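J.: Pasting a structure here, questions to come.
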Amino acid sequence: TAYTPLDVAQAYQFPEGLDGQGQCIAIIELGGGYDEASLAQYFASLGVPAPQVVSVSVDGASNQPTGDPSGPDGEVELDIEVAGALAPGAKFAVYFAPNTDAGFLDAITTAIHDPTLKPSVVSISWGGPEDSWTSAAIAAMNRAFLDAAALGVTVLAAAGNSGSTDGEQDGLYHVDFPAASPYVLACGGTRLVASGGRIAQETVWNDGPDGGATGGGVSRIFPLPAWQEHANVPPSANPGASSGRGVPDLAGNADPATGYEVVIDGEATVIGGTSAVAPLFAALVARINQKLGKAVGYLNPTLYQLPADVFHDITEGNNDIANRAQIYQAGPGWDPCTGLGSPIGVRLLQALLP
Ligand SMILES: [Ca+2]
């Protein structure tokens, strides 16, 4: 199975008649590049306008396609194609920076404060284990996300593509950063079976140690935020582990088995990962912003107080690819695999109306 981003948009009942006009979405990139022409042929294929796309150099980096679909280029054009196909009225701003703690931070700080392009949304599909960041990088990134909240900018981050261990091989469970920041909308991954615009099945993305799985779990760095106190977040599964920020907040189709029809470095292919879900929801927020005539900005506190039927609950599966422990497991309501679940577009919009 495969979908266009349009197909996934329909299954999650994105509100129609909104193309993100008047919004600018920033996408953070730490490598590779796009060709603003291959993007144009791709969008044309979907029958949707090619949106405007501008690149921004950060810390000496720039838009440099490496030619390898398996490399950074894959993330870059996945991010622009999925969000661009769903919010084609919006302006895209692609900030390139070196793949390190400091250029990642500098990229994020730049997009957020950018007085020229002024994005109202920031989609992020890069990260690493929260315990692998420097302390000063941690704090700086959180100050930046704090700034985003003050400026009414929604920051979305992919929760990770390597299950509850997050690519770590030390035998412990770990959460990815920046998805672990409380100030980011952490995006989890599911397997979606949909048709006729109805969700037939939706479960945790888990394709074992070889096919990847959605990240998710409990932070051992950030404490359980005030607004997550009623979402029955467990302690981290690691021995001795306290209460922390539960990851993620929402989730969407991520399973390459049921992935995204994309065009990467001129080749037609089907991709997955939570890498796709932040751009997907970045387009949804932009449609909502256009509808409300105002930027919704930091959403985390509102989402966990909204009625449950705003979301499609995932209840089945786990994101454990390290062992047979099923840590963590999906369940009723919030869980450390899919958070609140997949958002239902028209209902989210409705719930935020004045
Ligand atoms: Ca659930």
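Here's how to read the names in the structure tokens: chain A, B, ... by the order shown, residue numbers from 1 in each chain, ligand numbers from 1 in the order shown.
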Write out as a PDB file with C-alpha atoms, in the first residue's frame which residues come within 8 Å of range 126-130 of chain A when counting only C-alpha atoms, dropping same-chain ones fewer than 6 positions away.
T.:
ATOM      1  CA  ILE A  28      14.564  22.808   9.166  1.00  0.00           C
ATOM      2  CA  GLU A  29      17.201  20.928   7.212  1.00  0.00           C
ATOM      3  CA  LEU A  30      20.630  19.676   8.281  1.00  0.00           C
ATOM      4  CA  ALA A 157       8.970  17.667  15.548  1.00  0.00           C
ATOM      5  CA  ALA A 158       9.220  14.057  14.381  1.00  0.00           C
ATOM      6  CA  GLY A 160      11.971   9.391  15.758  1.00  0.00           C
ATOM      7  CA  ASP A 166      15.798   5.552  19.544  1.00  0.00           C
ATOM      8  CA  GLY A 167      18.848   4.112  17.799  1.00  0.00           C
ATOM      9  CA  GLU A 168      20.643   3.674  21.099  1.00  0.00           C
ATOM     10  CA  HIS A 174      15.319   6.724  25.203  1.00  0.00           C
ATOM     11  CA  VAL A 175      13.342   9.643  23.770  1.00  0.00           C
ATOM     12  CA  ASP A 176      14.463  11.873  20.867  1.00  0.00           C
ATOM     13  CA  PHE A 177      15.126  15.639  21.091  1.00  0.00           C
ATOM     14  CA  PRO A 178      13.713  18.045  20.044  1.00  0.00           C
ATOM     15  CA  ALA A 179      10.532  15.924  20.243  1.00  0.00           C
ATOM     16  CA  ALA A 180      11.082  15.643  24.019  1.00  0.00           C
ATOM     17  CA  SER A 219      11.680  11.928  29.047  1.00  0.00           C
ATOM     18  CA  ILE A 221      15.309  15.118  31.269  1.00  0.00           C
ATOM     19  CA  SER A 275       9.893  12.373   9.309  1.00  0.00           C
TER      20      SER A 275
END
J.: Please identify the strand (DSSP E or B) residues within range 14-254 of chain A (assignment by DSSP from backbone atoms) and present them as a PyMOL selection string.
T.: chain A and resi 24-29+53-57+91-96+121-124+128-129+154-158+162+176-177+185-195+198-204+206+213+217-218+246-247+250-253
J.: At what distance in Å, to one decimal, does CA of residue 25 in chain A lie from CA of residue 150 in chain A?
T.: 16.9 Å
J.: Can you pull out every residue within 12 Å of range 226-236 of chain A, counting only C-alpha atoms, but drop anything in the same chain fewer than 4 positions away, and send it as JSON, numbers by chain?
T.: {"A": [164, 165, 172, 173, 174, 175, 182, 183, 216, 217, 218, 219, 220, 221, 222, 240, 241, 242, 243, 244, 245, 246, 247, 248, 249, 299, 300, 301, 302, 303, 304, 305, 306, 308, 327, 328, 329, 330, 331, 332, 333, 334, 335, 336, 337, 339, 340]}
J.: Which of range 212-349 of chain A counts as helix (DSSP H, G or I) under DSSP, as a ChimeraX atom specification please?
T.: /A:226-228,256-258,274-292,300-303,308-310,345-349
